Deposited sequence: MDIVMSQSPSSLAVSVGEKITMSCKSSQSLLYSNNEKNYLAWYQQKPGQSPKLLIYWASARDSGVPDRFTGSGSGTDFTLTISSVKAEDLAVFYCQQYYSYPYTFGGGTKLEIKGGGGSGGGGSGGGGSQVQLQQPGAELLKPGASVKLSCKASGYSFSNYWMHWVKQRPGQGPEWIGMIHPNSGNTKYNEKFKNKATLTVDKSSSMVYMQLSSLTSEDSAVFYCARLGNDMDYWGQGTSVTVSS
């Protein structure tokens, strides 16, 4: 049974300098008793950018993340606190569970302000219903072979969806059941290239598709390829 992530509030309008709190609830506990870790992450998506990891293990700050961002909580109830909001913080914040495959994201909290690793993806595609498209992801700046490459779908301003992942060295794959017949992941080891072929395209497939190395201290996202289906 897939884990459902729920965020509140959907949007937050604050003046510069305010302290804010936003909530994330999971339908199942993300606290793994074996190692006592909470498999919960917080992502920030600024305008024009890919999602960027802020917090992992529920409370660990990624490098460069200021102390004014604080993740807390355990089990099924989590909180992201911003102690003193800056104008640059304007973004949609998504929580994400990585306790179980398929990974699932919350619907986001939109923060509105009133007062060497590279994953290169091509520019926008536009295609006709019924066509197929092979999206590419060129990896550099790290040892390509042993790191899983993930693919993520995101409709405008909506919660990202985890499509699946492929391990380049072995070719092993894990698919979200919801995409098992929509997406096919392959790799070209000779060129450090990862591909996702989308078949039987419909307007429901129109979205930005990201390739990403997901999780903990090595989280990296490509710039995304916008696919629009006529």
message: As a test: can you identify every run of the deposited sequence that has no C-alpha position in this structure, in order?
response: 116 to 129, 245
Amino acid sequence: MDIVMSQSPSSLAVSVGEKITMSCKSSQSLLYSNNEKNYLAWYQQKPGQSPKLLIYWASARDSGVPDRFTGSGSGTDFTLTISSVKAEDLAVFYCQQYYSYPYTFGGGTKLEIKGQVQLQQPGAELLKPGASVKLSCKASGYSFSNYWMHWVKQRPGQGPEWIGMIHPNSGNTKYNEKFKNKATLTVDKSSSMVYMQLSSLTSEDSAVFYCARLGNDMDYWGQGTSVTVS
From here on, numbers count along this sequence of modelled residues.
statement: Of 140 to 148 and 95 to 103, the stretch with the higher mean C-alpha B-factor in the deposited entry is 140 to 148
Of 198 to 206 and 182 to 190, the stretch whose C-alpha atoms average the higher B-factor in the entry: 198 to 206
- line: Reading the B-factor column for Cα atoms of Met218, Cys24, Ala13, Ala212, the highest value belongs to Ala13
query: According to the PDB entry, is the CA B factor of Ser59 in the bottom, middle or top third of its chain, that is, lowest, middle or highest?
result: middle
query: Comparing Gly123 with the other modelled residues of its chain, is its CA B-factor in the lowest, middle or highest third?
result: highest
- request: Please rank the C-alpha B-factors of the chain's modelled residues and tell me whether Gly157 sits in the lowest, middle or highest third.
  value: highest
field: Chain third (lowest, middle, highest) by recorded CA B-factor, residue given as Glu177
entry: middle
task: Consider only the C-alpha atoms of the modelled residues in this chain, order them by B-factor as the entry records it, and name the third containing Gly71: lowest, middle or highest.
output: lowest
